[PDB]
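*Asks:* Quick one: structure below, then a few questions.
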Amino acid sequence: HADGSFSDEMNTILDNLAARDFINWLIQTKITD
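The numbers in the authors' numbering rise by one with no breaks, and the one at position 32 of the sequence shown is 32.
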């Protein structure tokens with residue numbers, strides 16, 4: 001876990017790739033799985 005104004009944004013690195021991993025996951029579920 002993180003704590004603090006910008007300290008919480010340390011994991012924003014993952015927020016970018018994760019945001020698309022999730023939205024795109026839906027597409028790559030039945031076709032790729």
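Idealized CB from N, CA, C, for every residue including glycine.
#1: Taking the C-alpha atoms as reference points, what is the distance between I13 and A19?
#2: List the endpoints of the continuous alpha helix (DSSP H) containing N24.
#3: Ignore the nearest five residues each way along the sequence and tell me which others in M10's own chain have a CB closer than 6 Å to its CB.
#4: Alpha carbon to alpha carbon, how far is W25 from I31?
*Replies:* Here's the rundown:
#1: Computed Cα separation, rounded: 11 Å.
#2: Its alpha helix (DSSP H) spans residues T12 to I27.
#3: The beta carbon of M10 sits closer than 6 Å to the beta carbons of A2 from its chain, once the five residues preceding and following it are set aside; these are given in chain order.
#4: Taking the straight line joining both Cα atoms gives about 10 Å.
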